[PDB]
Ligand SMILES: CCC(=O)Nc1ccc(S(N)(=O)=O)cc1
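Here we start with a single chain on its own, the form solved without this ligand, put down as structure tokens.
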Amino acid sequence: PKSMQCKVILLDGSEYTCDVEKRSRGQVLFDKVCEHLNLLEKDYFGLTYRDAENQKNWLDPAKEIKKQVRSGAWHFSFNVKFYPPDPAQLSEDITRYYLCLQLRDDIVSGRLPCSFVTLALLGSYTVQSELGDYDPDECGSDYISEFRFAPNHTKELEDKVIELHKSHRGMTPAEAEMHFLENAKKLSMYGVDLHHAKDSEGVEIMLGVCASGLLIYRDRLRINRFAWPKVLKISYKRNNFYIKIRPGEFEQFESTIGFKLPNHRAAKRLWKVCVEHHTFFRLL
């Protein structure tokens, strides 16, 4: 029974390797990775792979791995797929831990923009969780953490992490990880999956997919929002993506809104993540 080697980049940056039968569905690999991670609250997570265009795609757990990775390597990342709006409602501390690891990469990568002060506060909770109580012996006036806190590190930011770390004496890792999440969850781009697009006029916009709905960023001023309940149908056709809005009160007709994506693959990818978010966040 022929098996393919799988390599999975974990959220701590280490690599998990296993074998699966070459006709295996994504769920088989996902279950192995989650068992490795001692993760029970699996519904928030997924595996990603890179397609022939180097775009990130979710591995569909219901479909054969081979039919998704096609010509590419059996190389994956383990990621948060659905960011919980209220991480305090998760059952297990270990779930919150993996969500913290993801958010730390979202911040360092610049996917999740963050003020100086919030970068320093999030850093201070990570330091408290991972080293415990502040110790002056380790950190002199010239201290620079090994910890990556931001897309760009400054001495000022390092100083502020240390100043806030001092305030967290007695804080336990789950407690510090919960404070991390109570701050991160409020950030305007928390759990927003962004897609480059053009409006029905050719104006370059961003489409954001998240728990609360579909966001349209037409620049720093003029952000439109479509809550998931207000969306009856998501469709794609060639390079175009469409949302069918419920009729407003006393309105005769549904309304359909159309966008232009980079290519057909990008339209199908945006369609699939919207359908998935709509289904996931509808239920809980």
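Shifts are known only where both forms have a C-alpha. Note that residue numbering begins at 1 and tracks the sequence as displayed. Heads up, when I say rigid core I mean the largest set of C-alphas that superpose within 1.5 Å between the two forms.
There is also a form solved in complex with this ligand; it is not shown, and the following applies to it.
Student: Using heavy atoms and a 4.5 Å limit, would one call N79 a contact residue for this ligand in the deposited complex?
Tutor: Yes, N79 is a contact residue.
Student: Under a 4.5 Å heavy atom criterion, is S145 part of the interface with this ligand in the deposited complex?
Tutor: It does not: once this ligand is placed as it appears in the deposited complex, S145 has no heavy atom within 4.5 Å of it.
Student: Is the gap between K66 and this ligand in the deposited complex 4.5 Å or less for some heavy atom pair?
Tutor: Close contact is absent here: in the deposited complex, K66 is far from this ligand, nothing within 4.5 Å, heavy atoms only.
Student: Verify the contact flag for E158: yes if a non-hydrogen atom of it lies within 4.5 Å of a non-hydrogen atom of this ligand in the deposited complex, no if not.
Tutor: Close contact is absent here: in the deposited complex, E158 is far from this ligand, nothing within 4.5 Å, heavy atoms only.
Student: Out of 241 to 277, which residues reach within 4.5 Å of this ligand in the deposited complex, heavy atoms considered?
Tutor: The stretch 241 to 277, when checked against this ligand in the deposited complex, contributes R269, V273 at the 4.5 Å heavy-atom cut-off.
Student: Taking the rigid core as reference, which runs of at least three consecutive residues show Cα movement of 2 Å or more between the shown form and the other one?
Tutor: Run moving 2 Å or more: only 220 to 222.
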